[PDB]
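Read the structure below first, then the notes.
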Amino acid sequence: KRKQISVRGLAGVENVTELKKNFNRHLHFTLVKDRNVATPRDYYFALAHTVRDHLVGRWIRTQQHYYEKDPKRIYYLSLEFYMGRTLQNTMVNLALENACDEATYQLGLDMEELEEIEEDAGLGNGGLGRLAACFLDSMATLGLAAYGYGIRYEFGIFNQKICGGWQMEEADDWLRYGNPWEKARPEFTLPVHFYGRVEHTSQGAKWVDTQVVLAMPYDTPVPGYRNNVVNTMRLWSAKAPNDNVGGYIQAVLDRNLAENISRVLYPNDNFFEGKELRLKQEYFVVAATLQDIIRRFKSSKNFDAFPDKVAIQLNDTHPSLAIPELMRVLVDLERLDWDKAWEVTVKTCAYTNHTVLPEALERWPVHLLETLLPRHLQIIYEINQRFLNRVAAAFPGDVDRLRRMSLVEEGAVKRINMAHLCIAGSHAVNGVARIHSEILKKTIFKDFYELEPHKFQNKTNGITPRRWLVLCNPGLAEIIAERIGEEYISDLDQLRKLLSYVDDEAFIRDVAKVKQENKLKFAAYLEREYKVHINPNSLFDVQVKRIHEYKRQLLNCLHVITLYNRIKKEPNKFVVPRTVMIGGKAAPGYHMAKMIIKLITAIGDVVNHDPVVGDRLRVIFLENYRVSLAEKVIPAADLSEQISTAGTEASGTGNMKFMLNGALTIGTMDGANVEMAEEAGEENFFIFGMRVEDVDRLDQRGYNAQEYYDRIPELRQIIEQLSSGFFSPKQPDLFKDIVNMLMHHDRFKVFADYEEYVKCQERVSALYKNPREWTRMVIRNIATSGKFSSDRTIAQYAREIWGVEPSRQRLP
Ligand SMILES: O=C(Nc1ccccn1)C(=O)N[C@@H]1O[C@H](CO)[C@@H](O)[C@H](O)[C@H]1O
């Protein structure tokens, strides 16, 4: 069955023979193992090396091709690359999946069992990091000379353990058994400088007396979809510089301090912590990367041509130091005059904003910058003076606008606003969904928009249909290919052809069949890995994303308790059985998010053990939500929970994954949800709740949660259950902080959307009772998910910002 899937390619007889041969070669020469001692892990690694060999020729040829053609080079700078696993992706993109599947089968091995051995490269927190990963895939698929640049964290996002119903954090030791995908490049190691002081002298400024940390690059291949393109992700690793008993020994041990720079990912989602170590990581990436950029530019054939040959894309403000660093290099080292260097810098750099919440913005204390990067602070100040001079010329006498626009923020602690730096130093600034990009121009960066309107753009997010359809849901990819062929895989708009099958009995049957297959497989996963049983004949109601108050997992909690309370009130009344699944990691220092996880498990402790409820309702917390788990649960989902307060989710991308994979969406008019509903037709989406206009109206008069409590008996009941200790009998006051926040300090207006949410959820159950109509609406969703391919997104970046033309053209 497995092998009959045509989108997975051909199992050529000579290819299968060669693969088996090389599998065995690696087991022997690479792993130094025999079939007598060899474990499943050994067999995974033998396959990984075998598959990896197939990238090499294309990888060398692609990079040679870019040297010869000399196209404009795109440098995508990010502190996060949420790559997930690599084995299946490589096989898919090289058309090797069926061949390896046959090869391993003939050797007596189940390739899917082998795939489960691979650790995620979890070098990101969530959506922003995953966007970077989808972007790398799409840029390679679109034949762009693009280079992902970041940091090789020794430890990615922490592994989440649930113990006693609480999140526990453990180190994500992803490199324990090695990483067969990366190629260490110690020969290309570069120096990065910290601290020191500035000397203004004969030639000008000089950054001296610095402490050096070496940046060692590790290069990872990024294969395009069956176009023979293999691009590169370069990730820098921190290495101590080359040059008494206790004294000598301690000096050697103290090398760890420098090397700590690339030790661990800061696990924050939509929140800025001004840690010096984070600032070092950010500069580490920027300094080493820009050295590569300058050197490669010089090896291509005076800096007037720089922006024609270089694009630097800033993934949020995290690599914003690229702006003053480029100025520093061009002025201090290359000896260009300020004006020309600045012209070059702005044309080279572009900035992507992912944020709404004020506390998410990077605002570094000037004292920290003065100490760590004294020359960069000097340059920032000069940038600010000339930029504010431009504001003053454009808007004479508008003093508050000057204050609002300044890169320098006054207060008890004087800070540099890095978003302001990015806008000033970039020729393009984009948000990540239409609603978000509009609000950047409307309110958040209104004054910047008024000064330079041409700067502001939209680039609605997307996801790769390779990982997010072909890999994770081959069954759905196949039934689609059976009707419309395979072109849609890198031309997702072709999914619109599926609207011709809304009344096709065979397709309706097959869409529902695939979903049920995915649900059985996920149920099997939970039983195998956690001994957790879920009802396969229940609606799979899924909210998976990082735990944050704005994403309103708490609103989901209120609904779950509503369903429970309604069953208890009328036990004889039929309800559509549900398995409510919530998963996601909380930032270790975010108390409320940690309490919310505990509430989910505590709700489950009551609901899942009430005999009156039985298998009619179950609430489970999915442990350790990560890219590999997303690939499992999303194809199994019936209902996608996308319930952020309107105006808070910049775009979302998990929403797109669900839409592509045959789940229907319950959601607010927020982020990309708006455009998803536009594409499919609002009649095909479960839209509920306040619009942004309604939220703003509430803000204008003041949000009083008490009013909702007083007017809604069912909500009142739930709050009193939480307060009295119904969900924490051994510790009655456990959830007092949650109750207090909801009643008095709720920034995200949970109570305000409660009634519409519950009513909307009733309509979900009503449609689910009609399998034919559920499935027909699903078809209308899958068929219109095309816009949300990251190929579309990247094509827009290329044409509208980078000035390069994408190409699906194959290499020899
Ligand atoms: O801002 C983010 N992380 C962050 C912030 C500060 C410090 C560290 N990390 C983030 O993940 N933003 C997300 O970017 C996604 C891709 O565009 C959007 O789809 C999603 O709406 C948005 O919340």
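Here's how to read the names in the structure tokens: chain A, B, ... by the order shown, residue numbers from 1 in each chain, ligand numbers from 1 in the order shown.
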
(request) Give as a PyMOL selection string the residues surrounding ligand 1 up to a distance of 7 Å, considering only C-alpha atoms and all ligand atoms. (result) chain A and resi 125-129+131+268-272+354-355+360-361+432+461+649-653+671

(request) Could you give me, as an MDAnalysis selection string, the residues within 10 Å of range 565-568 of chain A, counting only C-alpha atoms and dropping anything in the same chain fewer than 2 positions from it? (result) chainID A and resid 559:563 570:575 607 610 612:613 616:617 714 717:718

For those residues, write N, CA, C and O atoms to a file as a short mmCIF file (atom, residue, chain, number, x, y, z; two decimals), in the first residue's frame.
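Ended up saving to selection05.cif:
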data_model
loop_
_atom_site.label_atom_id
_atom_site.label_comp_id
_atom_site.auth_asym_id
_atom_site.auth_seq_id
_atom_site.Cartn_x
_atom_site.Cartn_y
_atom_site.Cartn_z
N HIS A 559 -14.58 26.68 27.22
CA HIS A 559 -15.50 25.91 26.37
C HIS A 559 -15.55 24.43 26.75
O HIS A 559 -16.63 23.85 26.82
N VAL A 560 -14.38 23.84 26.98
CA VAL A 560 -14.27 22.45 27.41
C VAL A 560 -15.07 22.21 28.69
O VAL A 560 -15.79 21.22 28.80
N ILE A 561 -14.94 23.13 29.65
CA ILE A 561 -15.68 23.02 30.90
C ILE A 561 -17.18 23.21 30.65
O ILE A 561 -18.00 22.57 31.32
N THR A 562 -17.52 24.09 29.71
CA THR A 562 -18.92 24.29 29.30
C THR A 562 -19.51 22.97 28.79
O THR A 562 -20.59 22.57 29.23
N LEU A 563 -18.79 22.29 27.89
CA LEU A 563 -19.24 21.00 27.37
C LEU A 563 -19.44 19.99 28.49
O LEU A 563 -20.44 19.28 28.52
N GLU A 570 -27.59 17.69 31.53
CA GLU A 570 -28.50 16.88 30.72
C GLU A 570 -27.79 15.63 30.16
O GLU A 570 -27.51 15.57 28.96
N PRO A 571 -27.49 14.64 31.02
CA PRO A 571 -26.73 13.45 30.61
C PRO A 571 -27.37 12.60 29.50
O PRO A 571 -26.65 11.91 28.77
N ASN A 572 -28.70 12.66 29.37
CA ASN A 572 -29.42 11.90 28.34
C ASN A 572 -29.31 12.50 26.93
O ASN A 572 -29.59 11.82 25.95
N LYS A 573 -28.92 13.77 26.85
CA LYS A 573 -28.87 14.51 25.60
C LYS A 573 -27.63 14.16 24.78
O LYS A 573 -26.51 14.23 25.28
N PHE A 574 -27.85 13.77 23.52
CA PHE A 574 -26.75 13.41 22.64
C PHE A 574 -25.87 14.61 22.32
O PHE A 574 -26.37 15.71 22.03
N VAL A 575 -24.56 14.40 22.38
CA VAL A 575 -23.58 15.37 21.91
C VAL A 575 -22.58 14.66 21.01
O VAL A 575 -22.31 13.47 21.19
N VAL A 607 -12.65 15.55 33.93
CA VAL A 607 -13.46 15.15 32.78
C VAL A 607 -13.22 13.69 32.37
O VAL A 607 -14.17 12.93 32.22
N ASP A 610 -14.84 11.04 34.82
CA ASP A 610 -16.26 11.10 35.16
C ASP A 610 -17.02 10.04 34.36
O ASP A 610 -17.08 10.11 33.12
N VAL A 612 -20.16 9.43 33.98
CA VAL A 612 -21.30 9.98 33.25
C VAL A 612 -20.86 10.50 31.87
O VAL A 612 -21.62 10.47 30.90
N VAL A 613 -19.61 10.96 31.80
CA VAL A 613 -19.06 11.49 30.55
C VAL A 613 -18.58 10.37 29.63
O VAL A 613 -18.87 10.37 28.43
N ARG A 616 -17.56 10.32 25.61
CA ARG A 616 -18.25 11.43 24.94
C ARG A 616 -17.40 12.70 24.92
O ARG A 616 -17.52 13.52 24.01
N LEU A 617 -16.55 12.86 25.94
CA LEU A 617 -15.64 14.01 26.01
C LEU A 617 -14.34 13.64 26.71
O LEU A 617 -14.34 13.02 27.77
N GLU A 714 -23.63 30.42 32.89
CA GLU A 714 -22.75 29.30 32.60
C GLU A 714 -21.27 29.64 32.80
O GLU A 714 -20.49 28.80 33.25
N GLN A 717 -20.74 29.88 36.62
CA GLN A 717 -20.58 28.53 37.16
C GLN A 717 -19.12 28.05 37.07
O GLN A 717 -18.58 27.51 38.04
N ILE A 718 -18.51 28.25 35.90
CA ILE A 718 -17.14 27.80 35.63
C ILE A 718 -16.12 28.53 36.51
O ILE A 718 -15.23 27.90 37.09
#

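Residues in contact with residue 144 in chain A at 10 Å, where only C-alpha atoms are counted and same-chain residues fewer than 6 positions away are skipped, are listed as residues 66, 71, 72, 73, 74, 136, 138, 224, 229, 231, 794, 795, 798, 804, 805, 806, 807 and 808 of chain A.
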
(request) Could you please write out, as a PyMOL selection string, every residue of range 499-702 of chain A that DSSP assigns to strand (DSSP E)? (result) chain A and resi 539-544+578-583+617-622+639-642+664-667+686-687

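Between CA of residue 5 in chain A and CA of residue 528 in chain A the separation is 25.3 Å.
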